[PDB]
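Participant: Just dropping this structure here.
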Amino acid sequence: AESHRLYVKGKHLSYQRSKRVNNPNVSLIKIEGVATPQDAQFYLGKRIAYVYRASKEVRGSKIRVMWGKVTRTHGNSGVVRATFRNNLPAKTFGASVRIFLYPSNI
Amino acid sequence: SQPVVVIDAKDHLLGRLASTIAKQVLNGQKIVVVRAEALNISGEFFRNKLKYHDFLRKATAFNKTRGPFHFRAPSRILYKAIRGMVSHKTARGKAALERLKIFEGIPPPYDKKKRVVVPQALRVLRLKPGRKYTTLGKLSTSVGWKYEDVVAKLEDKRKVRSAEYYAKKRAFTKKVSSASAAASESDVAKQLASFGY
Amino acid sequence: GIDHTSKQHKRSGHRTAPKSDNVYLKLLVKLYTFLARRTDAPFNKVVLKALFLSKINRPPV
Amino acid sequence: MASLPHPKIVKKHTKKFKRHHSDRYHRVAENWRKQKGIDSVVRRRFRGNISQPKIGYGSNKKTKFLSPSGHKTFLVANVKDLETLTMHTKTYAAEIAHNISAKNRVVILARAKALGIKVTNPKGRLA
Amino acid sequence: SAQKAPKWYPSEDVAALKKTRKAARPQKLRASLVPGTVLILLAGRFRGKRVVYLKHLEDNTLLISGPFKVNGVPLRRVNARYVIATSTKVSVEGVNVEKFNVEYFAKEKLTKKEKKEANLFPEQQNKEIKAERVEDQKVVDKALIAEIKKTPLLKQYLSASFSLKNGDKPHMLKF
RNA sequence: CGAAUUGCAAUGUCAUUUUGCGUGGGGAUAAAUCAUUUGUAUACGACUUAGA
RNA sequence: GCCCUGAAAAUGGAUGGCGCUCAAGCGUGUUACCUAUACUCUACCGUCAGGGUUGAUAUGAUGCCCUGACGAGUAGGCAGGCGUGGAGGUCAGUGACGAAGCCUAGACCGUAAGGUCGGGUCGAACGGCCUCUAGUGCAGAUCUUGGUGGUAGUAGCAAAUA
RNA sequence: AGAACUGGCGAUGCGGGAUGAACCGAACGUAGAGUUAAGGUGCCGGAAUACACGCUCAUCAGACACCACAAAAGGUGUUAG
RNA sequence: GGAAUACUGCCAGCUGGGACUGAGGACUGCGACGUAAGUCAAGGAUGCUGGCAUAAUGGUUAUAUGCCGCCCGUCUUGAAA
RNA sequence: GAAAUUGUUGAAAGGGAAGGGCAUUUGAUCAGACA
């Protein structure tokens, strides 16, 4: 009834980084239910969206989506790296992104 | 996974909570911590007392209203530990520490809402049996808290008002189990039992 | 990085064209370049490398 | 005009390369000057500081001097200057000079519309 | 004379491509994409719908028809990545589909280049529907419905819509 | 009973605060500041008082 | 071996901080994981070297093309270049239908020095190219001259009886 | 303060040692993907609140060499010998 | 007495997913498959489909955010001093 | 009729400095038609 989602809610945690310096070209995503790189490998290649509400109504609507994809795995606990057409704005470290299942292997 | 989380802090260790809280709240989860006077901490009382009396010692000499504000309440000791773990000097630490709401005892809103427990900080699991541990209410009171004898007068009313609820619910569900156990001998359940329900 | 034996980006200390601007020497250079490229002889090469020379290294005979 | 012969223009460091401490002092313009100092932090190339010019930033030889349309610019002043680009049209584009009279803008443009030449500043002194 | 010409004005008549060596071959699908197996769409208008796979067309796609009677889709084509292939199958040997190909579905809309200025319903072949598709969609599902009505709770399963719940971990569960 | 032709994917629109506009059904009809003044007060501001 | 006594200094304070106690400590061992301008592969720039080409194409070979390696840098050296005032040639160069100059979080090119364009302002001379020539390029010198600010409506305009 | 051989700083940025002219790693054209160094993976902080055998509980514990200190002598506190 | 398995190594053994790159621009070469013609994944990407013709997308500029960033010139072994 | 410096208007931001570099969101502006 209520449920209509075909996606998997995750969090934008941070950017790729060392200590004291960062790479905003790459972001780190925490998927809910994923706990290891094995059992994250299912999600490589999948699409990611960050929705946000804007003010102007452009090509129809008020909301706007930044699209990207998952690339690989980060270290030992279910974190993945993601790459976007246009890197994320860093006001979102704590933001719910949505991973689709669109390019599937099933 | 839930939008807001309510952490009972009894039998917990402080710095092993706060490293979970300070990350779960930096990643976007709202947390409240409740019954903080029942927290626990490693080490003997005199020792963890001196580790506070060597904090009260540290105040800005030329004007002590500028200096380290030594808070005496458990809700604020925990917040100190978390503020240290968070880059509170930016708009990310700031934004995180407004996702947090810490209390002593359990007020009404979080009274009728479920509570949870962080197992990787429970003194029970973590500490050796035989070690000495110190309780934050006794500590806060010894360093200048005031409202210990109030929380005990309120949380007890909470408890006796809750125990009756639990008994009500139990003496309701003991018959739900009977009327759904009286209905589990049909094909609808013999077929589900093969699916695993 | 690379541990170097040799000075990097070192020009060969020879000259491969005349410092002059005598166009009627540019032409003989054009000619002997051709006859040194499209020939198996060293006389041409010697003459080529001699046309480039300065007035003290190209003395009167 | 159509110009379909050039490959994926790319520009390393499309910023402007401002001088150091042009943002602070007004005498110090933004035209680039190299810091020859000794206790500096730009000649020494620290982190967080600005980037000095190099030849590594040099643009590709196939995409140098090309406007984003793909044509490269030729500054003109009369019709005699256009009539050289009668044949070199899909590669070159005309920029009318800043000292030209409006009486002579229109004749130039009238000749360019005929020869198929593409002008970069036809709305100059339209009057 | 506001600028000097280059020395000889090199001319740049366009030349040709090199003889490429990249060719096309037939696509290789997964193991699961057996005709008759149920799929679960993942995008488009009919996302969430469970359907049935029939024919691998030659535009590198997958033909389906959720029975229109059931779930509200016609015959259509899908990209094979934007689906999931469940582990439930049907006998599809009763139907015939070779009439269907990459031009059965092809539209010939004359509004091919002017979507940018003509925007207020210009009425150029953009509404109608004909009896030539309904007959195929009827003959095909009248045969397929039968194998659905062999099994229980399949007319009801295709009628439903897929949706992820809260405790659903797609990297663990078996479609 | 209808649900195709978003033509092989392009959030595909619902969340919740704050503000206004008017429509119509009600409901209630004031204090502070300046100026004047007192000196339990005061560098000025401030504070304290009085005034139909 | 660990711990403890031995072990006492002056603004409040430092395993970096929080905090940690079958450690988030110590000793040792095993795998995984994070990441530098380093290493490997690819693209691009430039330099150096080695090659091919006067078949003859725009007679150019100054160029064009193929291959490989390389790139830190003060003092300092050399090379190729941008720019300014004036000179000789040239575009039968621009221009009162608006030259030069000036303003322009407006545009293009160039790694860059810098060049070009549009708009506004303004009102009489000015440029590109091959060359010549210098009183030729400023953030600085308790620099020179001129001008203008913050402090500042501030200190303060209070001896001489009114 | 003064000599020997070498390596460096000077003239040199970069990742690490919180910070540091010299230490460890490693030397720089502009960029992209991958892999590592030295150092590290509770949180700040990217990365295992990993696995394993043990020692220690300190009323001034102890915790990244250079390095930012600590002894003689003692203790039935405990462990092993 | 007869086997297996582990561990280490080898395969010019098969197979699945994912990420970045598409440089070059007639032919010439090495090879493979084929009776031949010819075809090929073999001296650097082609095909099919859809969307857009302007907030598509891109540049500049302002602000917000994460990380970093001490004031230049100078003498100096050494200057933010 | 430049600049420092200053007034008015407009936009924007602003917890014990400001300014800068990389990356992007949002806003402003420009782009190009590929008719």
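What you see of chain E is 2-176, where the numbers are those given in Swiss-Prot.
This entry, so its header tells us, was determined using electron microscopy, 3.3 Å.
Cβ from N, Cα, C; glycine included.
These came from Swiss-Prot, pasted as-is:
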MOD_RES   E:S2  N-acetylserine
MOD_RES   E:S12  phosphoserine
CROSSLNK  E:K128  ubiquitin cross-link
Participant: Give me the CA-CA distance between E:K128 (ubiquitin cross-link) and the residue listed as 'phosphoserine', in Å, as a whole number.
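Facilitator: That separation, Cα to Cα, works out to 52 Å.
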Participant: Three-state secondary structure of the residue listed as 'phosphoserine' from DSSP?
Facilitator: coil
Participant: Please report how many Å separate the Cα atom of the residue listed as 'N-acetylserine' from that of E:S12 (phosphoserine), as a whole number.
Facilitator: 21
Participant: Give me the long-range Cβ neighbours of E:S12 (phosphoserine): same chain, 6+ apart, Cβ under 8 Å, in sequence order.
Facilitator: none
Participant: When DSSP is mapped onto helix/strand/coil, what comes out for the residue listed as 'N-acetylserine'?
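Facilitator: Coil, per DSSP.
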